[PDB]
Amino acid sequence: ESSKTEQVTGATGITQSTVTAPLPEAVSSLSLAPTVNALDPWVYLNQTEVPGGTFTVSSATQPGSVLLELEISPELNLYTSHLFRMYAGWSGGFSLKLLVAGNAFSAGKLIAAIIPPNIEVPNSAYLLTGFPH
Amino acid sequence: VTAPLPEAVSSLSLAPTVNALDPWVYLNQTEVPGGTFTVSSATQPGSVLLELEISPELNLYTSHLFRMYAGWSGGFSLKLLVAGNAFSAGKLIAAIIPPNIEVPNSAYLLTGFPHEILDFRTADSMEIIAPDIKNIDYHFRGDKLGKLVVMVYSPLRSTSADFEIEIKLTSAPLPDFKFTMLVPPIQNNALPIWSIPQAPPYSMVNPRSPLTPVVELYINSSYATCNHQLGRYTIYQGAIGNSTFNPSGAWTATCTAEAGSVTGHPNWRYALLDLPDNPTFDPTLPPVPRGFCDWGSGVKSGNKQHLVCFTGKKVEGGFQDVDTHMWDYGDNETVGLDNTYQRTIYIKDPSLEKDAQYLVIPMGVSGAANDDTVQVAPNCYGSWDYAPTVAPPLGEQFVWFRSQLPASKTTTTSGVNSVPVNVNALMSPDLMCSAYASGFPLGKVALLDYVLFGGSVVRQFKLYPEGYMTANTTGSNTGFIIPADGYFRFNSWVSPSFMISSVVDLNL
Amino acid sequence: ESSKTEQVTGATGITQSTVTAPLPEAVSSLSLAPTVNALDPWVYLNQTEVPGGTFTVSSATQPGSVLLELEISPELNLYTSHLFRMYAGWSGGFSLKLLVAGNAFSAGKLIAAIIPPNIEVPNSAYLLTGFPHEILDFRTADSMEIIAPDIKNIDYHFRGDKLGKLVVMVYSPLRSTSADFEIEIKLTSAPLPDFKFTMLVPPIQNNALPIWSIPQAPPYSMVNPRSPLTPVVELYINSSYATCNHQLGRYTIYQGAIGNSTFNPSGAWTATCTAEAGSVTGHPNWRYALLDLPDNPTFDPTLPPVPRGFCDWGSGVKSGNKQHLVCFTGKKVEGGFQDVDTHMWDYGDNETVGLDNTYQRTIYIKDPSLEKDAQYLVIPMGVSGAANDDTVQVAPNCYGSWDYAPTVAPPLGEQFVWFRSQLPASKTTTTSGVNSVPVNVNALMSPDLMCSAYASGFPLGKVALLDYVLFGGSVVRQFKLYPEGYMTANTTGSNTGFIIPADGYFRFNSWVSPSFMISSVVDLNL
Amino acid sequence: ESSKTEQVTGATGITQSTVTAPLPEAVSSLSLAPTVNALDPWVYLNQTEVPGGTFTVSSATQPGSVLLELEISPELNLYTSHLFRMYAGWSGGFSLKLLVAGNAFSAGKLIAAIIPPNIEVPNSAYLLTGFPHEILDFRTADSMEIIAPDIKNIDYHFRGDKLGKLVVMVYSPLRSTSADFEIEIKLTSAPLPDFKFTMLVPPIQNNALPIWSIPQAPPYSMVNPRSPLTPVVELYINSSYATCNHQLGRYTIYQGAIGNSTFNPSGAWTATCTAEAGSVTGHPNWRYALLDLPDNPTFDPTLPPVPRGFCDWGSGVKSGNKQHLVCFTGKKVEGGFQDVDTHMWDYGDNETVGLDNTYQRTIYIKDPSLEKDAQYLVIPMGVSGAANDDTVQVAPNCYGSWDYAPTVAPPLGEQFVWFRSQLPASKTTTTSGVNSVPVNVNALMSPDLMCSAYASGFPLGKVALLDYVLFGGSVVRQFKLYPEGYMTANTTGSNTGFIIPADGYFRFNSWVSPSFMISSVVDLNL
């Protein structure tokens, strides 16, 4: 959990870069698989585009419409997906970076949230505020 | 943060039991149900945007929990999120009103209560403390509560093109919040979420033309008011005026003929409607049978457009020969008849008896317009409990359920022909049952989404518990159509001053 | 708890001054309002007279009769009452000082007691002895200080709670050699230390004030809601009028205008009429008419049946065979213009009832040229050829108006004041039928003197003692104004049609109880 | 003296919040009043809006024009004003907070200054710079706190002294790309520490109150002092009436009733006439009469020459050859009875003067059967056969009444509201001569809405902003009431005989200056 602020060229605004953890992670001991298989350290430092992970917001976009919906799995995105061909199981979380091309002379707000398994996704930001967001 | 009034912490003694909340409800902020607003350059100073009782209903989880509890205390912490811009200027007031004191109607008097002034330039993520003011140990249900009031102090202006500003509130209970138990989970509180079963409008009855299905959902800006008496339902009272809850069965009626005729054409004679409740012994009860179309005939005659009804004569076991006749209402009497709801009518039938009984079923009109001649109900003079005339707020337009009435033509003896017409109505009873079961937060409006083409970008409507829905439009006012194959899914609670972001372009 | 004794000048007695606390005070911690608001220390040292806190004991006063009954609240008396306009709550007790003008050559005893909330006050000193009480003897008492506590089960008070009371009553009757001896009791009060206020709401309730100021407007610049076209020329008292059944000129606190009354009686409020063809059996020219009724036309048995304020009349009895009212009637409505004249009229005459009680208020106009379904304008007022001053006083019997104004009477020993005016006769020398006679019309309170009362307000359960100043001389009279409401003044004697000028003005004096005896008498002997 | 800078959301500017003391405060020892009275600590922490402390700056506002001018006194604003009812004196300064709604993409500058007592306020920012002053820039200002001192040469204040002032004015004009941009300035205030009161007089002055409460009495229950027998049925605005020379229905604060006005106009106040035998040259039947004049009968050139309140009329010009007033005249006084009918009449007609200006107010009645030295009763009202709605509006020229009511006009951009009513025609079908016509009569303020103002009072040099609520819908309009006094409302457009119902009610809003611009417009296009 942290926040950096930077000044834009020809100072007429700022850019914020934040790190947040809405839900604490419960790390598993993996005691039922004494066959733990390690990855390639460099795979932890390469952030790749998510399939189906791009969207456009115009003035005609409504709140409550679902723009992005993605499962947390090795299918994020390129190298864990390829590595999850030689293996039978997996466990662990993911760092997801959301890049926004904003400007200091606009207005509006986005909301992102984490939804547990077997729970339906609602179509209201009002209801999304009840999740870790 | 800011705390206009200190929060006095109560030691809950002797509450029979002190019931704790799980620790995770205190650490997350949710949206406040009903705490959403827009400010525009047209909002006047001193307009009360937000009026919000300080109770367990300020948070999404405490209001759900506050249905199996009998008491509570105390306060909340609120966070203000403002979607502002670089060019705007203005100021708001936020004040705390203790009980049992009245809310003033001017900004000059709000100062005087504990308050805070918020500027649009710096009130972007701002924390306020709403305290629980009481002289008792804990609250029971039905107690008098303090309020948070948000009003415009300095109007909104801009240095460039004018933007609107949208404001939302999130909340979390303070660490000293506690409940007092125990009761079953049905306790009179409005649920923070309203679950509407999916039902297309075409599967709903039209209360002003029961035998014709609904085809649309159309808008027309020339209709700035509604004085109807049939399609009127609310949340608190249910059906009002002369309304059911069943347009069909209450459609037909009976009348008793009278010895008399109108001066204009003696061929049509008077009659008095039969009231099975007999509210002629009492002028404080409705003078017309429940149901019984409130059309819809304008200035009287000379060009003598009338209504049309299937009518017959009463005999043993039923009714003998039935025909179509013209019956609207008395011609030029003092009460505006034919422009008033009354027990007195006439029918165009020289063969009418004196004390006989006649069945009447309204079916159409003749010589009239397919437009605002039937859209206007006659009148509701008297002392009984008639439905008041209502209008939408400035910038908003009504949404009507609509049906097509076909024309009955004749060729042989009657010479009575009807005209194809379109009949529109306010809320249908089939969209309010779940509302009645669930309930509305005090002084709030339901923002709903109408889903149309499998989940495309789609319309947004406001539903008012007085029993009517409206939309935000711009442009011309020629009759605008919308299909009738949607879902009416619930979006959120908003204040009555909220302005819908989605706009309907009435130009096509 | 203490007692001081002092010797009187030329020692022939003593005066006792005591401090007593019959009930211990429970000081509240005020932990549920961390917004405690402090008063001005000097407010704790100024004892002021309590409204309605004066009484007189004579040899005719019985034990068990309740002389004083006062709630413990900020309304004691002047500065806490004014300060309790900016605040929402309060808590604390009061010091109540009871001053007695005794003498060493009398006899008798007083009892004072404290009564908790929701307990009825009894009418027996024997029963009062069961409360926390104190006793006084008339031969030595000078002042008694009572530490009256604030009995509550809440942390602090909002408005509308039930409060404890102090009750003062005679314990043993007064005796003396002189038959004219009386003892006057007076009450002062101040807030005790630990009295506090709570949340400061500088927004002020418009009814948040002690003593109210009446503007100096003489009665002659006032209606008269029963003869508006004529001005008020005098006040007057008559002993024979012990009741009032009027429906006009009836204004009250807490309701506004009651009966068939209104705040704009200018002119004898006009009306319009139209009804069936038909006449009274006592004359073939006494045609029937029905008053046109706007303002809920549909004849609901709960709404008034006469137009608001039209009820200008006299009376009224079957002797009306020789008595009638006189009205300017316009016989038709024709594009605004109306042919107008004067005519006789009265309320319905069907000896089935001695009709003063018409429901739709059927009338007759004594006009043979009257149409049936036409509309006729009617404007009072006149009378002929009756006595008739006493007939106009008694109003028509009223049960048509469902929420009608009740009959009122003054308490024993008092009479009304009856704003009075004159109306002359409109005589005719050419054609027979219409000649009226002069008559004086009285009326109760007018809206002009009550608007100030509405703006200011009245303390709950008290009346207003006013002084009528009429200089040119140096004369001041005293009146009691009730919020029912009406004026009375302490008469003694028989009727003489007592007259009082209308050029003086009203100035406010203390608040008093409805049973208060005015210390000023008007001699109805002249 | 301090300054805080804050960054705005989405950093594109800053907001400055400053505290400044242009003039040092001289704290008085209060040694001549050893009766110092302390306030409630929480009163020092509640800043409230100042009455008349709001203004708007647009691109059209000039420098040198005075936008705000306020005296330093307990009347700032709510709780010291209420507390200064129980006390006789005061001393101490005030914290005045000036809130500005600026934006980083505008330009311009404000100047505020402190002006000592008995010094005239100039109309130039150049000259204001010679006072103790502070400057603000619209791009960064959010709030400025001024420690306004109490400039006095006495130990403490009684009522009636001359006080220092705060003046706010534009220093450099406002500019922006958008033509609709304006900046709103607001003022709040609180007492500084060391503010104190002196001798406690819990006796309260009846004019010792901030905001006043108007009772909910709709206009339709009001005279109409120019047509009392008819009720008020609507309010209305007409652009063609930019002046008022009426002598009736003119009520003002600080004087009461002015002109030939009274508080009891019920009925078109009757009068009596008698004068020489003589007729107008324009007809041998236009006989002369002189109004009987009680209330200082002797014709003093300083007392009014018409009976109080009788002045019911229209107009008035020599075209009166085809225009006349209509009155019910009783042709004789005979033991109370009078033979009554209707007749034509008007004010004197001697083309020497276009006579609206009769001194003794000679009239004529157009009656050949009139005696010379007899007394005749006269009661308005009617007109015929003139246009004539616009003729009744213009009153007869007045110089006979020495202390007559002056002509008044609204400020540019505003129009009157003109309580309006209708009076119908009295038509005749039998004999020639007397047929009237329907006409609408307007009038300024009525006594009913002013009695509350008299009871409460007005702050010196300020007007009342009222809200007219007319529900059934959800409509609220805004009016400005002046104590001269009359109502105006911010019109835009041309005359359309604009009509407003009379069933709403008046509710008090803030006090404002006479130059205040209402933030609510009525479109006279319909």
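First the proteins, then the strands, lettered A, B, ... as listed; each starts at 1. What you see below is based on every heavy atom in this structure, not just the backbone, and it leaves out hydrogens, waters and symmetry mates.
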Asker: Please give me the minimum heavy-atom distance between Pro219(C) and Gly504(C), naming the atom from each residue.
Answerer: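 Shortest heavy-atom contact: CD-O, 3.5 Å.
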Asker: With rounding to the nearest 0.5 Å, note down the distance linking CG in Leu303(D) to CG in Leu293(D).
Answerer: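 Rounded to the nearest 0.5 Å, the CG-CG separation comes to 8.5 Å.
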Asker: Of all the heavy-atom pairs spanning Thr262(D) and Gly309(D), show the shortest one and how long it is.
Answerer: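 The answer is CG2-CA, 4.3 Å.
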Asker: Can you say whether the rings of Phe328(C) and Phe328(D) are parallel (under 30°), tilted (30 to 60°) or perpendicular (over 60°)?
Answerer: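 Ring orientation of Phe328(C) relative to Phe328(D): tilted.
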Asker: Would the distance check show the side chain of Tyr251(D) and the main-chain N or O of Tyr486(D) forming a donor-acceptor pair, the cut-off being under 3.5 Å?
Answerer: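 Not confirmed, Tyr251(D) side chain does not pair with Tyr486(D) backbone.
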Asker: Could you check whether any side-chain N or O of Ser436(D) sits under 3.5 Å from a backbone N or O of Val383(D), counting only pairs where one atom can act as donor and the other as acceptor?
Answerer: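 Such a contact is absent between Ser436(D) side chain and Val383(D) backbone.
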Asker: When you compare the side chains of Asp467(D) and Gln478(D), does any donor N or O come within less than 3.5 Å of an acceptor on the partner?
Answerer: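 Result is yes, a qualifying pair exists.
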Asker: Only one of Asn442(D), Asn495(D), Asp389(D) passes side chain to side chain donor-acceptor pair (under 3.5 Å) with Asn238(D); say which it is.
Answerer: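 Of the listed residues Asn442(D), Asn495(D), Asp389(D), the side chain to side chain donor-acceptor pair (under 3.5 Å) partner of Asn238(D) is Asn495(D).
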Asker: Does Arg420(D) make a cation-pi contact with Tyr236(D) (under 6.0 Å, within 45 degrees of the axis)?
Answerer: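 Flagged: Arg420(D) positioned over aromatic ring of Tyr236(D).
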Asker: Is a donor on one side and an acceptor on the other found under 3.5 Å between the side chain of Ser456(C) and the backbone of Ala453(C)?
Answerer: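 No: the side chain of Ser456(C) does not pair with the backbone of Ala453(C).
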Asker: Hey, can you tell me if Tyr241(D) and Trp418(D) have their rings parallel, tilted or perpendicular (30° and 60° cut-offs)?
Answerer: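 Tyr241(D) and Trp418(D): perpendicular rings.
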Asker: Check whether the side chains of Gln338(D) and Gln375(D) place a donor and an acceptor atom closer than 3.5 Å, and report yes or no.
Answerer: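 Looking only at side-chain atoms, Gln375(D) and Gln338(D) do not form any donor-acceptor pair under 3.5 Å.
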Asker: State, yes or no, whether a side-chain contact exists between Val512(D) and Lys462(D) at a heavy-atom distance under 4.5 Å.
Answerer: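 No - every pair of side-chain heavy atoms lies 4.5 Å or more apart.
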Asker: Do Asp300(D) and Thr302(D) have side-chain N/O donor and acceptor atoms under 3.5 Å apart?
Answerer: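 Note: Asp300(D) and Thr302(D) side chains meet the donor-acceptor criterion.
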Asker: Does the side chain of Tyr454(C) come within less than 4.5 Å of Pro215(D)'s, by heavy atoms?
Answerer: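 No, every pair of side-chain atoms sits at 4.5 Å or beyond.
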Asker: Any heavy-atom pair between the side chains of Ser421(C) and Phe419(C) that's under 4.5 Å?
Answerer: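 No, every pair of side-chain atoms sits at 4.5 Å or beyond.
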Asker: Do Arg226(D) and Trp313(D) pass the side chain to side chain contact (heavy atoms under 4.5 Å, CB included) test, and can you show the C-alpha distance, the side-chain angles, and the key distance before you say yes or no?
Answerer: CA-CA 8 Å; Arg226(D) 284 173 79 229; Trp313(D) 32 245; 3.2 Å; yes
Asker: Can you check side chain to side chain contact (heavy atoms under 4.5 Å, CB included) on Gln422(C) and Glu234(C), steps first, answer last?
Answerer: CA-CA 10 Å; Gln422(C) 282 129 51; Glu234(C) 76 220 281; 3.0 Å; yes
Asker: For a quick check under 3.5 Å, do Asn264(C) and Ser221(D) share a side-chain donor-acceptor pair by atom type?
Answerer: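 No donor-acceptor contact under 3.5 Å links the two side chains.
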Asker: Step through the shown structure and confirm whether more than 12 heavy atoms of other residues, nucleotides or ligands are within 6.0 Å of CD on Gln360(D).
Answerer: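 Count over threshold, so yes.
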Asker: Does the side chain to side chain contact (heavy atoms under 4.5 Å, CB included) test come out yes or no for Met381(D) and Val326(D), once each step is laid out?
Answerer: CA-CA 6 Å; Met381(D) 173 81 141; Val326(D) 180; over 6 Å; no
Asker: Side chain to side chain contact (heavy atoms under 4.5 Å, CB included), that's the test. Do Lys366(D) and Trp345(D) meet it? Break it down for me.
Answerer: CA-CA 6 Å; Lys366(D) 185 180 174 198; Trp345(D) 81 283; over 6 Å; no
Asker: Between the main-chain N or O of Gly267(D) and the side-chain N or O of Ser266(C), is there a donor-acceptor pair closer than 3.5 Å?
Answerer: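 Yes; at least one donor-acceptor contact below 3.5 Å.
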Asker: Determine yes or no for a side-chain-to-main-chain donor-acceptor pair under 3.5 angstrom, with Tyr468(C) supplying the side chain and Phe479(C) the backbone.
Answerer: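 Side chain of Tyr468(C) to backbone of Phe479(C), a donor-acceptor pair under 3.5 Å: no, none is there.
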Asker: From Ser452(D) OG over to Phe508(D) CZ, what is the distance, rounded to the nearest 0.5 angstrom?
Answerer: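 So the OG of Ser452(D) and the CZ of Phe508(D) are separated by 12.5 Å.
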Asker: Output the distance between atom CE (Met487(C)) and atom CG (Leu235(C)), rounded to the nearest 0.5 Å.
Answerer: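 It is 6.5 Å, given to the nearest 0.5 Å.
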Asker: For residues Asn245(D) and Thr407(D), is any side-chain donor paired with an opposing acceptor at under 3.5 Å?
Answerer: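 Per modelled atom types, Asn245(D) and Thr407(D) side chains form no pair under 3.5 Å.
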Asker: Mind checking whether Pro396(D) and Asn357(D) have side chains closer than 4.5 Å, heavy atoms only?
Answerer: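 Not in contact.
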Asker: So, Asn260(C) side chain and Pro307(C) main chain: donor-acceptor pair closer than 3.5 Å or not?
Answerer: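 Pair found, side chain donor or acceptor close to backbone of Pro307(C).
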Asker: Do the side chains of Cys244(D) and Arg250(D) get nearer than 4.5 Å, heavy atoms only?
Answerer: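 The answer is yes; the side chains approach within 4.5 Å.
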Asker: Looking at side-chain heavy atoms only, is the closest gap between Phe299(D) and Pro305(D) below 4.5 Å?
Answerer: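 No; the side chains remain at least 4.5 Å from each other.
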Asker: Say whether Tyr482(D) and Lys480(D), considering side chains only, have a donor N or O and an acceptor N or O under 3.5 Å apart.
Answerer: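 A donor-acceptor contact under 3.5 Å links the two side chains.
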Asker: Taking atom types as modelled and ignoring hydrogens, do the side chains of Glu484(D) and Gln255(D) form a donor-acceptor contact shorter than 3.5 angstrom?
Answerer: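 No pair is found: no donor N or O on one side chain lies under 3.5 Å from an acceptor on the other.
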Asker: Do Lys318(D) and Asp349(D) sit within salt-bridge range, that is, some charged N less than 4.0 Å from a carboxylate O?
Answerer: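 A salt bridge is present here (some side-chain N lies under 4.0 Å from a carboxylate O).
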Asker: Side chains of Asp312(D) and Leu248(D), heavy atoms from C-beta outward: is any pair under 4.5 Å?
Answerer: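 Yes - at least one pair of side-chain heavy atoms lies under 4.5 Å apart.
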Asker: One pair to check against ring pair (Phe, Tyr, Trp, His ring centres under 6.0 Å): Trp286(D) and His343(D). What are the steps and the verdict?
Answerer: CA-CA 11 Å; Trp286(D) 293 3; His343(D) 278 262; over 10 Å; no
Asker: Under the 3.5 angstrom rule, does the side chain of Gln247(D) hit a backbone N or O of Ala405(D) as a donor-acceptor pair?
Answerer: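 Here the side-chain-to-backbone pair exists.
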Asker: Under 3.5 Å, is there a donor-acceptor pair linking the side chains of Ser315(D) and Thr391(D)?
Answerer: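 Absent: no donor and acceptor within the cut-off.
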Asker: Of the non-hydrogen atoms in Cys273(D) and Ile363(D), which two are nearest, and what is the gap between them?
Answerer: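 Taking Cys273(D) first and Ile363(D) second, the nearest heavy atoms are SG-CD1, 3.6 Å.
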Asker: Can you tell me how the ring of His324(D) sits relative to the ring of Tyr364(D), calling it parallel under 30°, perpendicular over 60° and tilted otherwise?
Answerer: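 Plane angle over 60°, so perpendicular.
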Asker: Of all heavy-atom pairs between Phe506(C) and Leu466(C), which one has the smallest distance, and what is that distance?
Answerer: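 Looking at all heavy atoms of both residues, the closest pair is CD2-CD1, 4.5 Å.
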Asker: Determine the minimum heavy-atom distance between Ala289(D) and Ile365(D), stating which atoms define it.
Answerer: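 Distance-wise, the nearest heavy atoms are CB-CD1, 4.2 Å.
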Asker: Atom CG in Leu481(D), atom CG in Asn509(D): separation rounded to 0.5 Å?
Answerer: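 Answer for the CG-CG pair, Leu481(D) versus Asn509(D), is 13.0 Å.
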Asker: Kindly compute the distance separating CD1 (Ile379(D)) from CG (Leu229(C)), expressed to the nearest 0.5 Å.
Answerer: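 That separation rounds to 7.5 Å.
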Asker: Is the backbone N or O of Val441(C) less than 3.5 Å from a side-chain atom of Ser227(C), with the two atoms forming a donor-acceptor pair by type?
Answerer: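 No: the side chain of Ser227(C) does not pair with the backbone of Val441(C).
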Asker: Nearest 0.5 angstrom please: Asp292(D) CG to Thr274(D) OG1, how far?
Answerer: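 Answer for the CG-OG1 pair, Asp292(D) versus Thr274(D), is 6.5 Å.
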Asker: Evaluate the side-chain proximity of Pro380(C) to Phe310(C): yes if any heavy-atom separation is below 4.5 Å, no if none is.
Answerer: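 They are in contact (side-chain heavy atoms under 4.5 Å apart), so the answer is yes.
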Asker: Heavy atoms only: give me the nearest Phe471(C)-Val476(C) pair and the separation to one decimal.
Answerer: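 Looking at all heavy atoms of both residues, the shortest contact is CE1-CG2, 4.2 Å.
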